[PDB]
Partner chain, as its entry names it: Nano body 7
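First, one chain by itself in structure tokens, the form deposited without the partner chain.
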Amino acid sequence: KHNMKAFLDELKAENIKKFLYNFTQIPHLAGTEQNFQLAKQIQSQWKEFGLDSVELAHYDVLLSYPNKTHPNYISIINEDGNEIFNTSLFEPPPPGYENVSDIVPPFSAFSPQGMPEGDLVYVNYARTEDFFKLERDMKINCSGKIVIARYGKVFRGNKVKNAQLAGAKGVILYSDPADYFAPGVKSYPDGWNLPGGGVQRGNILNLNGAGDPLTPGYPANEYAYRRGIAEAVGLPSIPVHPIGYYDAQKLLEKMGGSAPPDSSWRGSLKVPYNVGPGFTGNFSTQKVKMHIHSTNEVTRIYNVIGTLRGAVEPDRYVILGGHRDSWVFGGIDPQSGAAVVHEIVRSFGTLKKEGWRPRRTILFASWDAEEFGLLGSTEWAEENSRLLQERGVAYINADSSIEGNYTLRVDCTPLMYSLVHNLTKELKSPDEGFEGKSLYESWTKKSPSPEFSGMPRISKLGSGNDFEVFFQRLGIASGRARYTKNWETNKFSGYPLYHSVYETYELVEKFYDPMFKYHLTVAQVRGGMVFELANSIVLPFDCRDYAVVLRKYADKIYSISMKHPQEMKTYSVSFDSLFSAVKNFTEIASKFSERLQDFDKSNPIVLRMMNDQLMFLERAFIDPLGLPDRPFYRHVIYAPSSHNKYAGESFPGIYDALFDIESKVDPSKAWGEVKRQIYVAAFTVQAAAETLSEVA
């Protein structure tokens, strides 16, 4: 039989390993020749693997690179202006790669150029609440200072935006071993920890879904009109640079001014973690000086787009997409995902050569420039938005397949909850001590949901990856899955060697997944989802699962507002409309589900009708006006957190209207906007429900 089991059994751990090795011997930085070569290789192989068509789709987008003859670095500079200490110009290369060229040195992509000098302030994680503590409670003024912040907790773009709004004239990011050195584990190459010389690359934009900074709304094609740099979306206004913890120690050890306000401000280095500003008395006259000379340049990028045409509904698209560009070798990020996609394509291709075709069209993508702000996925979606809107069933992302070796992690729309439960019950656990048990059992045991015993944790989608355009802009049902570390010990730092030169094939093969079994399990989950989405007669979405979470989110946002009982009385703030819409959604979804079960299975229009209702249900949550000042976050139920792009926020319009509201100067106006967002949300929920009513 050509069924799911046949697809699944064709997947091999050994193939994934071979592909990972192949994808990680040289760097594949976006906009470089090597990454164009790999794109061409992937195009050739997907064709050999059997896809109907495989094309490259290119765009000319704003990218950012250090100046090869004028290196970025930071100094302590004394009263004379001598540079008495200089941070590193490069990460020490790992064993066996010390003759690789074209390793981009660490840098913060899209930093402007500058050589600002000043006194340091230490801002912990540079979260919103860190700056509130500093300015409101401790009375420390960041204006005209250089801030130094530890990586972790939130997206670095948000740190930078926060620093900028507090009046910083520069930012220094560093990796603290409190957040990037796990107890008992050795540094690379002898373990999976971050060495003192290791540094995390990454962009520092605030794009809010825009894609290419120069072409928001439209694909960056050959005749595109570009904004000038000054009007570009999302660029930082102050220089920024990241460093490792050997260098950070040198910058922090002399800090004076106030003590840290409590122990959550102290990392693990042997320094006091004083907030500053400036250094202690004997060095009070020494300053910190940044030297940043990176340039932004419009550079060509390449996506690979593979098509496996549907036999019955070719005009319905199930998308498996993940990026190919890497900061350096991309041993985990992204090639552990890309190798998984490559084997998925290969298995689908195997079935196709034997005469099978999925019911619906499956599109496979190798995105470029994800690391520079989800640019390749976003431009392609801007180009193809009409097709996607009207034909897009689902998007399954495929970045890193592992960030740990403990259990499964799934983040997805509620419409895929049942599909994920059912699929994982039919998969074998790869976990030691669950031999012969299902993945569902091991995952449920190791990652219990906070809400329902006997069920696993499944998180909402946040952002910081290539599903953003599909989900929060276009309203296409999306999900992602990978192996991860223990939730209980999770410091929300990411894995230690993230975006460092030390992220290699060997890191994976020696320390994460030597048998490639976690990789195989992830290929089965991702591939399994795609198979069912593209092949099930009735789309495998359960609208009732949305009803359930909509109620939970409504309770949650209600409870936030209810911290302000007096204002809710004065301004007549009622959540009744939203709770009513959610009740209605629950009732209508319930009846739709009965019809979906009892409808006449012989009738294909009835079937296409009801599948259209399932497909356009995620779509119904889009507001074409967008969220306030964020036109590309159009989904009313889910946006990336305004304070942390990686985190998903529910009812974001109301959440942001309520955030810090006790500090607004015109409460009448602030509570009015809360009410406005309640109306918008209730209306959208009701409207989404009504798409599931009988159509006539």
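Residue numbers count along the first chain shown, from 1.
Below, we refer to the form solved in complex with the partner chain, which is not included among the displayed structures.
Shown alone, this chain has one stretch from 579-587, 287-295, 520-528, 258-266 that lies within 4.5 Å of the partner chain in the entry with it bound by heavy atoms: 579-587.
Taking the partner from the other structure, the partner chain in the entry with it bound has no heavy atom within 4.5 Å of any heavy atom of residue 418. Residue contact check for residue 559: one or more of its heavy atoms lie within 4.5 Å of the partner chain in the entry with it bound. In the entry with it bound, the partner chain sits beyond 4.5 Å of every heavy atom of residue 436. Interface membership of residue 514, defined by any non-hydrogen atom within 4.5 Å of the partner chain in the entry with it bound, is ruled out. 564 is the sole member of 564, 153, 169, 133 with a non-hydrogen atom lying within 4.5 angstroms of the partner chain in the entry with it bound. Proximity to the partner chain in the entry with it bound, taken as a non-hydrogen atom within 4.5 angstroms, holds for one residue of 184, 228, 355, 450, which is 450.
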